[PDB]
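Single chain ahead, by itself, as structure tokens, in the form deposited in one PDB entry.
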């Protein structure tokens, strides 16, 4: 029979039955499953430092963002994009293709076709759950202990005075695997005193670090996560073969394969310069990048006044509402550019979510 996996070390965010204000630090903020009091109750240590207990039966206060640190894996599978084998963590199987699967990183990282609907297969014992397409679903940003975050020592600190003392600060440079069997479970820190080392952020449910300034850790499809209990769209190899004399390849750039970058530079070397939320600048061949997007916060845009097309465009992105009718032809301001490249536009006082093709720059 099916049973619950008490996956200690799972990286979680708030769930559908959440009623605990901003204990987590807000929606999208990430925490670590420390332990299970019972099959009904779980204790989480949030990245902000607050440790608390939550429901994981009947009511569900938590969604699983990344189970990979628990080491749970689907032997006999492979992610057809990044070629992780076996898939560790949640398994995502394209329902509309023959024998195609993605890992969590690639799934939330918008690999494969966004209009193809996937099955979620959380555990080896799980029955597959058909989902809405990513393209019509809400995407939000993870926040907490990620590259660029400012941290202090956490509760499970057992590393003497490597940080120069309790309360002394450092910078997370990169999320790494504490071990081969537990990916995305560690954070490499460069302390303010020049010391540097790798620390547990999820491994065996341990929390060696605490945020004092959380960082963005990429975007995810919130409603596709199971309840607990500048862009690159080419193959790694095609990207590598294109970089032969236009920047080159170092593994430290892997982030780029699933992260939105801000084109802040061009250069004399017939190439491009991109910065990422990590804080990393990196150089590229023109063919490796695709725009996404052509708008900036503050840009004034006119809403499309062809109703047929805006209906098509908005429905295609799961954002149509008849209430939007009065906005046709109107000029508004780009308030925010979402991770799925849709635009939060302020128009007629109110704000709406638009397909970027449904507006034109004024």
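Numbering follows the first chain given and starts at 1. Between two forms, the rigid core is the largest collection of C-alphas that superpose within 1.5 Å.
In the deposited entry, the stretch joining residue 229 to residue 230 is interrupted by 10 or more residues of the deposited sequence lacking coordinates. Stretch comparison (82-90 versus 193-201) by mean CA B-factor in the PDB entry places 193-201 on top. Averaged over Cα atoms, the B-factor as recorded in the entry is higher for 238-246 than for the other of 238-246 and 177-185. The entry lists C-alpha B-factors for 131, 106, 289, 215, and the highest of these is at 289. Comparing the C-alpha B-factors of 77, 283, 98, 207 in the entry, the top value falls on 283.
Among the modelled residues of the chain, residue 145 sits in the middle third by CA temperature factor in this PDB entry. In the deposited entry, the Cα temperature factor of residue 64 sits in the bottom third of values across the chain's modelled residues.
Residue 21: CA B factor in the highest third of modelled residues in this chain (values from the PDB entry). Among the modelled residues of the chain, residue 306 sits in the lowest third by CA temperature factor in this PDB entry. Ranked within its chain, residue 153 lands in the middle third, by CA B factor from the PDB record.
Just so it is clear, the following notes concern the form deposited in another entry, a form of the same protein that is not shown.
Summarising the superposition on the core between this form and the one not shown, the listed residues 287, 129, 97, 114 contain exactly one with a Cα shift of 2 Å or larger, 287. Positional change of residue 144 between this form and the one not shown stays under 2 Å at the C-alpha, relative to the superposed core. After superposing the rigid core, the C-alpha of residue 251 moves by 2 Å or more between this form and the one not shown.
After superposing the rigid core, the Cα of residue 274 is displaced by 2 Å or more between this form and the one not shown.
Distance between the C-alpha atoms of residue 280 and residue 180: shorter by at least 3 Å in the other form than in the displayed form.
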